[PDB]
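J.: This is the content of my_file-v6.txt (compact mmCIF, C-alpha atoms and all ligand atoms):
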# COMPACT_ATOMS: atom_id res chain seq x y z
CA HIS A 1 -2.57 25.55 -13.34
CA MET A 2 -4.32 28.42 -15.10
CA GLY A 3 -7.61 26.56 -15.36
CA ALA A 4 -6.20 23.11 -16.03
CA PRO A 5 -7.07 20.38 -13.52
CA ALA A 6 -4.76 20.17 -10.55
CA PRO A 7 -2.69 16.97 -10.59
CA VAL A 8 -3.03 14.16 -8.05
CA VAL A 9 -0.05 11.80 -8.30
CA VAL A 10 -1.00 8.13 -7.90
CA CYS A 11 1.85 5.66 -7.28
CA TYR A 12 0.04 2.30 -7.41
CA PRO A 13 2.46 -0.26 -5.92
CA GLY A 14 0.39 -3.02 -7.51
CA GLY A 15 -2.49 -5.19 -6.33
CA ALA A 16 -5.53 -7.36 -7.19
CA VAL A 17 -6.66 -4.76 -9.79
CA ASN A 18 -4.87 -4.70 -13.13
CA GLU A 19 -3.03 -1.49 -13.94
CA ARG A 20 -5.42 -0.20 -16.60
CA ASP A 21 -8.53 -0.65 -14.46
CA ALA A 22 -6.75 0.84 -11.43
CA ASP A 23 -5.76 3.91 -13.47
CA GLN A 24 -9.33 4.31 -14.76
CA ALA A 25 -10.63 3.88 -11.22
CA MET A 26 -8.51 6.81 -9.99
CA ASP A 27 -10.09 9.10 -12.58
CA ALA A 28 -13.52 7.86 -11.50
CA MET A 29 -12.63 8.39 -7.83
CA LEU A 30 -11.66 12.00 -8.51
CA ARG A 31 -14.96 12.62 -10.29
CA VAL A 32 -16.76 11.41 -7.15
CA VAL A 33 -14.49 13.45 -4.85
CA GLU A 34 -15.36 16.54 -6.88
CA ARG A 35 -19.09 15.86 -6.65
CA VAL A 36 -19.18 15.03 -2.93
CA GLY A 37 -16.79 17.87 -2.07
CA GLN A 38 -18.72 20.30 -4.30
CA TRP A 39 -15.83 21.16 -6.56
CA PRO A 40 -16.52 22.00 -10.19
CA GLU A 41 -15.92 19.07 -12.51
CA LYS A 42 -12.34 18.57 -13.71
CA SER A 43 -10.81 20.43 -10.77
CA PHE A 44 -8.41 17.47 -10.38
CA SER A 45 -6.72 14.96 -12.67
CA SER A 46 -4.85 11.75 -11.91
CA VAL A 47 -1.20 11.28 -12.91
CA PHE A 48 -0.74 7.51 -12.56
CA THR A 49 2.25 5.20 -12.44
CA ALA A 50 2.66 1.55 -11.46
CA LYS A 51 6.47 1.94 -11.38
CA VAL A 52 7.81 2.65 -7.84
CA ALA A 53 10.94 4.14 -9.44
CA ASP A 54 9.00 6.88 -11.25
CA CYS A 55 7.01 8.07 -8.21
CA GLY A 56 9.75 10.49 -7.16
CA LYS A 57 10.07 12.07 -10.59
CA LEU A 58 6.31 12.57 -10.75
CA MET A 59 6.31 14.25 -7.33
CA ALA A 60 9.15 16.62 -8.22
CA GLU A 61 7.72 17.47 -11.64
CA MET A 62 3.97 17.71 -10.98
CA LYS A 63 4.39 19.25 -7.50
CA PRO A 64 1.02 17.79 -6.47
CA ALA A 65 -1.10 18.97 -3.58
CA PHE A 66 -2.38 15.41 -3.03
CA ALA A 67 -0.99 11.97 -3.78
CA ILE A 68 -1.52 8.24 -3.24
CA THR A 69 1.61 6.25 -2.43
CA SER A 70 2.79 3.08 -0.65
CA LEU A 71 3.84 3.33 3.06
CA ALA A 72 7.52 2.89 2.07
CA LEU A 73 7.28 5.79 -0.42
CA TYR A 74 5.54 7.96 2.18
CA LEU A 75 8.18 7.26 4.83
CA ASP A 76 10.96 7.93 2.31
CA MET A 77 9.46 11.10 0.83
CA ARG A 78 7.61 12.58 3.80
CA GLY A 79 10.44 14.95 4.75
CA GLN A 80 11.16 16.27 1.27
CA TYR A 81 7.53 17.01 0.39
CA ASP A 82 6.29 17.79 3.92
CA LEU A 83 3.79 15.00 3.44
CA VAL A 84 0.96 14.57 5.92
CA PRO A 85 -1.82 11.96 5.87
CA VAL A 86 -5.22 12.99 4.59
CA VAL A 87 -7.18 9.76 5.09
CA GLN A 88 -6.54 6.10 5.79
CA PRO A 89 -8.78 3.35 4.39
CA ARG A 90 -10.75 1.24 6.83
CA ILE A 91 -10.84 -2.44 5.66
CA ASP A 92 -12.69 -5.11 7.73
CA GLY A 93 -13.06 -2.60 10.55
CA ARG A 94 -9.33 -1.90 10.79
CA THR A 95 -7.00 0.82 9.57
CA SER A 96 -4.15 -1.72 9.61
CA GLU A 97 -3.20 -5.09 8.02
CA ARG A 98 -1.04 -8.12 9.00
CA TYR A 99 1.34 -10.03 6.66
CA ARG A 100 1.57 -13.88 6.98
CA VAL A 101 4.57 -16.07 5.96
CA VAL A 102 3.16 -19.51 4.89
CA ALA A 103 5.06 -22.75 4.27
CA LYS A 104 4.30 -26.42 3.74
CA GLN A 105 2.88 -27.92 6.92
CA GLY A 106 5.57 -29.31 9.20
CA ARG A 107 8.64 -27.94 7.43
CA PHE A 108 9.50 -24.90 9.57
CA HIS A 109 8.62 -23.83 13.11
CA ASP A 110 9.89 -20.21 13.01
CA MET A 111 11.45 -17.60 10.75
CA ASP A 112 14.92 -18.39 12.07
CA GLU A 113 14.53 -21.80 10.41
CA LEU A 114 13.79 -20.08 7.09
CA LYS A 115 17.14 -18.27 7.25
CA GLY A 116 19.12 -19.31 4.20
CA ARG A 117 15.93 -20.58 2.55
CA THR A 118 14.03 -18.98 -0.33
CA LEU A 119 11.09 -16.61 0.17
CA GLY A 120 8.44 -15.72 -2.40
CA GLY A 121 5.80 -13.01 -2.56
CA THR A 122 4.68 -9.91 -4.43
CA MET A 123 6.19 -7.30 -1.97
CA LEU A 124 9.84 -8.62 -2.26
CA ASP A 125 11.00 -6.13 -5.02
CA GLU A 126 11.40 -3.31 -2.36
CA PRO A 127 12.81 -5.34 0.63
CA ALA A 128 13.22 -2.40 3.14
CA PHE A 129 9.42 -2.58 3.84
CA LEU A 130 9.72 -6.39 4.25
CA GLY A 131 12.72 -6.14 6.60
CA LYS A 132 12.12 -3.00 8.65
CA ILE A 133 8.31 -3.16 8.92
CA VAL A 134 6.93 -6.66 8.19
CA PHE A 135 9.78 -8.36 10.15
CA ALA A 136 10.18 -5.40 12.56
CA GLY A 137 13.88 -5.22 11.79
CA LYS A 138 14.62 -8.69 13.16
CA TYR A 139 15.81 -9.91 9.73
CA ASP A 140 17.68 -8.32 6.83
CA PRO A 141 15.73 -9.96 3.99
CA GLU A 142 18.37 -9.61 1.27
CA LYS A 143 21.11 -11.03 3.50
CA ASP A 144 19.21 -13.61 5.56
CA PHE A 145 17.00 -14.96 2.77
CA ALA A 146 16.93 -15.66 -0.95
CA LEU A 147 14.11 -13.39 -2.11
CA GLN A 148 12.32 -14.79 -5.18
CA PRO A 149 10.02 -11.94 -6.26
CA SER A 150 6.71 -12.70 -7.93
CA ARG A 151 4.14 -10.55 -9.71
CA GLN A 152 1.12 -12.70 -8.80
CA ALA A 153 0.68 -14.43 -5.44
CA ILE A 154 -0.65 -17.41 -7.41
CA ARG A 155 2.73 -17.82 -9.12
CA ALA A 156 4.54 -17.69 -5.77
CA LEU A 157 2.13 -20.19 -4.21
CA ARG A 158 2.44 -22.54 -7.19
CA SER A 159 6.21 -22.56 -6.68
CA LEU A 160 5.76 -23.17 -2.96
CA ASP A 161 3.50 -26.13 -3.72
CA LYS A 162 6.00 -27.61 -6.18
CA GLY A 163 8.85 -27.17 -3.73
CA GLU A 164 10.60 -24.45 -5.75
CA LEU A 165 10.03 -22.01 -2.86
CA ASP A 166 10.29 -22.63 0.87
CA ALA A 167 7.80 -19.98 2.04
CA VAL A 168 5.63 -17.14 0.74
CA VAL A 169 4.93 -13.72 2.36
CA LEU A 170 1.19 -12.89 1.75
CA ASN A 171 -0.97 -9.71 2.13
CA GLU A 172 -4.42 -10.02 3.85
CA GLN A 173 -6.22 -10.29 0.42
CA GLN A 174 -3.67 -12.93 -0.84
CA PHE A 175 -3.97 -14.96 2.44
CA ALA A 176 -7.83 -14.89 2.05
CA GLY A 177 -7.57 -16.27 -1.56
CA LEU A 178 -5.39 -19.28 -0.46
CA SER A 179 -8.30 -21.82 -0.36
CA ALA A 180 -9.46 -21.00 -3.89
CA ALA A 181 -3.00 -28.83 -2.62
CA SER A 182 -0.06 -29.59 -0.30
CA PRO A 183 -0.97 -28.67 3.30
CA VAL A 184 0.26 -25.22 4.33
CA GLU A 185 0.62 -23.40 7.65
CA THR A 186 1.36 -19.87 8.86
CA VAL A 187 4.93 -19.70 10.17
CA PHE A 188 4.95 -15.96 11.02
CA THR A 189 2.26 -13.22 11.44
CA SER A 190 3.47 -9.57 11.43
CA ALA A 191 2.40 -6.94 13.94
CA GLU A 192 -0.40 -4.64 12.76
CA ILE A 193 0.91 -2.31 9.99
CA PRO A 194 -1.13 0.85 9.21
CA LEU A 195 -2.80 1.20 5.84
CA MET A 196 -1.93 4.06 3.51
CA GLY A 197 -4.57 6.21 1.91
CA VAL A 198 -4.16 9.72 0.51
CA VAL A 199 -1.43 12.16 1.54
CA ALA A 200 -0.94 15.89 1.00
CA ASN A 201 2.04 18.21 0.61
CA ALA A 202 1.61 20.50 3.62
CA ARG A 203 3.81 23.20 2.05
CA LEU A 204 1.42 23.39 -0.92
CA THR A 205 -1.92 22.95 0.87
CA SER A 206 -3.70 24.68 3.73
CA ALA A 207 -5.13 22.72 6.64
CA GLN A 208 -8.61 23.70 5.46
CA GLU A 209 -7.90 22.49 1.91
CA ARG A 210 -6.73 19.15 3.29
CA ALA A 211 -9.88 18.95 5.43
CA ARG A 212 -12.16 19.45 2.42
CA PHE A 213 -10.42 16.65 0.50
CA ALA A 214 -10.51 14.41 3.58
CA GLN A 215 -14.22 15.00 4.20
CA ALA A 216 -14.96 14.23 0.55
CA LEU A 217 -13.14 10.91 0.83
CA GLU A 218 -14.93 10.14 4.11
CA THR A 219 -18.22 10.30 2.18
CA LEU A 220 -16.96 8.76 -1.08
CA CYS A 221 -17.90 5.16 -0.34
CA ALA A 222 -21.55 6.14 0.27
CA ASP A 223 -21.97 7.75 -3.18
CA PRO A 224 -23.61 5.61 -5.88
CA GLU A 225 -20.50 5.71 -8.07
CA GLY A 226 -18.03 5.86 -5.19
CA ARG A 227 -19.55 2.73 -3.66
CA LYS A 228 -18.50 0.70 -6.70
CA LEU A 229 -14.95 2.06 -6.43
CA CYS A 230 -14.67 1.17 -2.75
CA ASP A 231 -15.99 -2.30 -3.60
CA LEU A 232 -13.32 -2.70 -6.28
CA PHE A 233 -10.61 -2.20 -3.64
CA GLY A 234 -12.42 -3.81 -0.70
CA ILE A 235 -12.60 -0.57 1.27
CA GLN A 236 -15.16 -0.05 4.03
CA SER A 237 -14.65 3.70 4.36
CA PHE A 238 -11.97 6.39 4.52
CA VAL A 239 -11.12 8.12 7.82
CA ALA A 240 -9.44 11.47 8.33
CA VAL A 241 -6.23 11.24 10.38
CA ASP A 242 -3.45 13.40 11.81
CA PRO A 243 0.24 12.52 11.23
CA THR A 244 0.73 10.54 14.44
CA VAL A 245 -0.91 7.48 12.85
CA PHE A 246 2.40 6.71 11.10
CA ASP A 247 4.76 7.71 13.92
CA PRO A 248 5.30 4.10 15.10
CA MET A 249 6.28 3.15 11.54
CA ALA A 250 8.76 6.02 11.41
CA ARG A 251 10.49 4.56 14.46
CA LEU A 252 10.76 1.14 12.80
CA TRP A 253 11.88 2.79 9.56
CA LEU A 254 14.92 4.40 11.29
CA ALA A 255 16.24 1.18 12.84
CA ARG A 256 19.26 -0.62 11.35
CA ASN A 257 21.43 -3.59 12.31
CL CL B 301 2.24 -1.90 3.61
Would it be possible to restate this file's structure as structure tokens?
T.:
Amino acid sequence: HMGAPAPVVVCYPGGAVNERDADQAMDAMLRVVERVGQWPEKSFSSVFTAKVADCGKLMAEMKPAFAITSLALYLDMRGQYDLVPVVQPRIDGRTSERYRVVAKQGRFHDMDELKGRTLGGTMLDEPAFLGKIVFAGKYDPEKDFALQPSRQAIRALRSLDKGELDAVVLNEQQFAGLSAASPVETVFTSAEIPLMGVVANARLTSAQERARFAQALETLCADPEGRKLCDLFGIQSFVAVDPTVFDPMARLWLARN
């Protein structure tokens, strides 16, 4: 890098935070990581994309030591870039989340009854996570359902209310915001799915370098500036982890019908 900041690739799948404020927040996060980890300022810089399709190019080009990706991107790229976890976020005491399929009250009693019906949600653009992980490989979403992707869970839930959609797959945060019309009910709750945090290329980092970054993130949410960043994303803390935390997901990821 010859004195330039080292790149940290951030593949932001999307979320409650708009792209521009999420990108700014990554820069702010790195400034806190540097302070709490006692790096000189501008040791790192964020290379940000909200496009899943560009994540791979950014990884190959920037050759980053550290990155932030979705679980699906990690599982797909882990072998090529010898990726290992650095930290997971803890949210509401848990390092995992559950997805809920909701539908108008009384219409459907199980997912099998939604076969051939139309599904909405914000995580439908990349349906291998929906099929292999959320549904534990019991359904092939593109074959068994009509996936109507949405960019905002509000849009999907409006369509459900109208009757333009039969059910909506919701994250924890989206399921919490439901209250804020037609009666609805949860038709399906996923198993616990681990949360992604930061990862590292183990061919480009030492174990001790990963540990320093991890420890910095473990203390980030206590910092005056870091606290506001963890609030923005609803994060309780970050926790350092070994690779086995995602081994159960790797088993689901390999399964095919
Ligand atoms: Cl996920």
J.: Distance CA of residue 6 in chain A-CA of residue 204 in chain A, one decimal place?
T.: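 Between CA of residue 6 in chain A and CA of residue 204 in chain A the gap is 11.9 Å.
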J.: Go through chain A residue by residue and, counting only C-alpha atoms and all ligand atoms, keep those with an atom at most 9 Å from ligand CL 301 (chain B); for each kept residue give the shortest atom pair and its distance in Å to one decimal, ordered by chain and increasing number, as JSON lines.
T.:
{"residue": "A:70", "atom": "CA", "partner": "B:CL301", "partner_atom": "CL", "distance": 6.6}
{"residue": "A:71", "atom": "CA", "partner": "B:CL301", "partner_atom": "CL", "distance": 5.5}
{"residue": "A:72", "atom": "CA", "partner": "B:CL301", "partner_atom": "CL", "distance": 7.3}
{"residue": "A:96", "atom": "CA", "partner": "B:CL301", "partner_atom": "CL", "distance": 8.8}
{"residue": "A:97", "atom": "CA", "partner": "B:CL301", "partner_atom": "CL", "distance": 7.7}
{"residue": "A:98", "atom": "CA", "partner": "B:CL301", "partner_atom": "CL", "distance": 8.9}
{"residue": "A:99", "atom": "CA", "partner": "B:CL301", "partner_atom": "CL", "distance": 8.7}
{"residue": "A:123", "atom": "CA", "partner": "B:CL301", "partner_atom": "CL", "distance": 8.7}
{"residue": "A:129", "atom": "CA", "partner": "B:CL301", "partner_atom": "CL", "distance": 7.2}
{"residue": "A:130", "atom": "CA", "partner": "B:CL301", "partner_atom": "CL", "distance": 8.7}
{"residue": "A:133", "atom": "CA", "partner": "B:CL301", "partner_atom": "CL", "distance": 8.2}
{"residue": "A:134", "atom": "CA", "partner": "B:CL301", "partner_atom": "CL", "distance": 8.1}
{"residue": "A:171", "atom": "CA", "partner": "B:CL301", "partner_atom": "CL", "distance": 8.6}
{"residue": "A:193", "atom": "CA", "partner": "B:CL301", "partner_atom": "CL", "distance": 6.5}
{"residue": "A:194", "atom": "CA", "partner": "B:CL301", "partner_atom": "CL", "distance": 7.1}
{"residue": "A:195", "atom": "CA", "partner": "B:CL301", "partner_atom": "CL", "distance": 6.3}
{"residue": "A:196", "atom": "CA", "partner": "B:CL301", "partner_atom": "CL", "distance": 7.3}
J.: Mind giving me the straight-line distance from CA of residue 208 in chain A to CA of residue 67 in chain A in Å, one decimal?
T.: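 The value is 16.8 Å.
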J.: I need the residue nearest residue 169 in chain A from this list: A:230, A:256, A:83, A:103. Use all atoms listed in the file for the distance.
T.: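 Among the listed residues, the smallest separation from residue 169 in chain A belongs to A:103.
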J.: Between A:115, A:1, A:138, A:51, which one has atoms that come closest to residue 255 in chain A, using only C-alpha atoms?
T.: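 Going through A:115, A:1, A:138, A:51 one by one, the smallest distance to residue 255 in chain A is for A:138.
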J.: Could you work out how far CA of residue 32 in chain A lies from CA of residue 64 in chain A, giving the answer in Å with one decimal?
T.: 18.9 Å
J.: Show me, as a tab-separated table (two decimals) with C-alpha atoms, in the frame of the given file, the residues that have an atom within 9 Å of residue 216 in chain A when counting all atoms listed in the file, minus same-chain residues fewer than 6 positions from it.
T.:
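Writing the result to around_14.tsv gives the following:
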chain	number	residue	atom	x	y	z
A	32	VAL	CA	-16.76	11.41	-7.15
A	33	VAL	CA	-14.49	13.45	-4.85
A	34	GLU	CA	-15.36	16.54	-6.88
A	35	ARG	CA	-19.09	15.86	-6.65
A	36	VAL	CA	-19.18	15.03	-2.93
A	37	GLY	CA	-16.79	17.87	-2.07
A	38	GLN	CA	-18.72	20.30	-4.30
J.: Quick one: residues within 7 Å of (-13.1, 1.2, 4.0) (file frame), counting all atoms listed in the file, please, as a list in words.
T.: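 Answer for this query, in the requested form: residues 89, 90, 91, 230, 234, 235, 236, 237 and 238 of chain A.
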J.: Quick one: of A:102, A:166, A:174, A:78, who's nearest to residue 152 in chain A, counting only C-alpha atoms?
T.: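 With only C-alpha atoms as the atom set, the closest residue is A:174.
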J.: For a cut-off of 10 Å around (-6.6, 11.8, -1.9), file coordinates, pick out all residues using only C-alpha atoms and list them as a ChimeraX atom specification.
T.: /A:8-10,26,29-30,33,65-69,85-88,197-200,210,213-214,216-217,238
J.: Save out the residues we just selected, C-alpha atoms, as a PDB file, in the coordinates of the input.
T.:
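Result went into part-v8.pdb, see below:
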ATOM      1  CA  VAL A   8      -3.030  14.160  -8.050  1.00  0.00           C
ATOM      2  CA  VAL A   9      -0.050  11.800  -8.300  1.00  0.00           C
ATOM      3  CA  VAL A  10      -1.000   8.130  -7.900  1.00  0.00           C
ATOM      4  CA  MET A  26      -8.510   6.810  -9.990  1.00  0.00           C
ATOM      5  CA  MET A  29     -12.630   8.390  -7.830  1.00  0.00           C
ATOM      6  CA  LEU A  30     -11.660  12.000  -8.510  1.00  0.00           C
ATOM      7  CA  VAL A  33     -14.490  13.450  -4.850  1.00  0.00           C
ATOM      8  CA  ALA A  65      -1.100  18.970  -3.580  1.00  0.00           C
ATOM      9  CA  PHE A  66      -2.380  15.410  -3.030  1.00  0.00           C
ATOM     10  CA  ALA A  67      -0.990  11.970  -3.780  1.00  0.00           C
ATOM     11  CA  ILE A  68      -1.520   8.240  -3.240  1.00  0.00           C
ATOM     12  CA  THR A  69       1.610   6.250  -2.430  1.00  0.00           C
ATOM     13  CA  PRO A  85      -1.820  11.960   5.870  1.00  0.00           C
ATOM     14  CA  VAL A  86      -5.220  12.990   4.590  1.00  0.00           C
ATOM     15  CA  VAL A  87      -7.180   9.760   5.090  1.00  0.00           C
ATOM     16  CA  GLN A  88      -6.540   6.100   5.790  1.00  0.00           C
ATOM     17  CA  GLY A 197      -4.570   6.210   1.910  1.00  0.00           C
ATOM     18  CA  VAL A 198      -4.160   9.720   0.510  1.00  0.00           C
ATOM     19  CA  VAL A 199      -1.430  12.160   1.540  1.00  0.00           C
ATOM     20  CA  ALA A 200      -0.940  15.890   1.000  1.00  0.00           C
ATOM     21  CA  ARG A 210      -6.730  19.150   3.290  1.00  0.00           C
ATOM     22  CA  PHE A 213     -10.420  16.650   0.500  1.00  0.00           C
ATOM     23  CA  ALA A 214     -10.510  14.410   3.580  1.00  0.00           C
ATOM     24  CA  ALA A 216     -14.960  14.230   0.550  1.00  0.00           C
ATOM     25  CA  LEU A 217     -13.140  10.910   0.830  1.00  0.00           C
ATOM     26  CA  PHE A 238     -11.970   6.390   4.520  1.00  0.00           C
TER      27      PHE A 238
END
J.: Pick the closest to residue 95 in chain A from A:114, A:47, A:239, A:119: which is it, counting all atoms listed in the file?
T.: A:239
J.: Give me the residues near residue 122 in chain A as number ranges by chain, where near means some atom within 9 Å (using only C-alpha atoms) and where sequence neighbours in that chain fewer than 2 positions away do not count.
T.: A: 14-15, 120, 124-125, 149-153, 156, 168-171
J.: Please identify all polymer residues within 10 Å of residue 257 in chain A, counting all atoms listed in the file, omitting same-chain residues fewer than 4 positions from it, and present them as a ChimeraX atom specification.
T.: /A:137-140
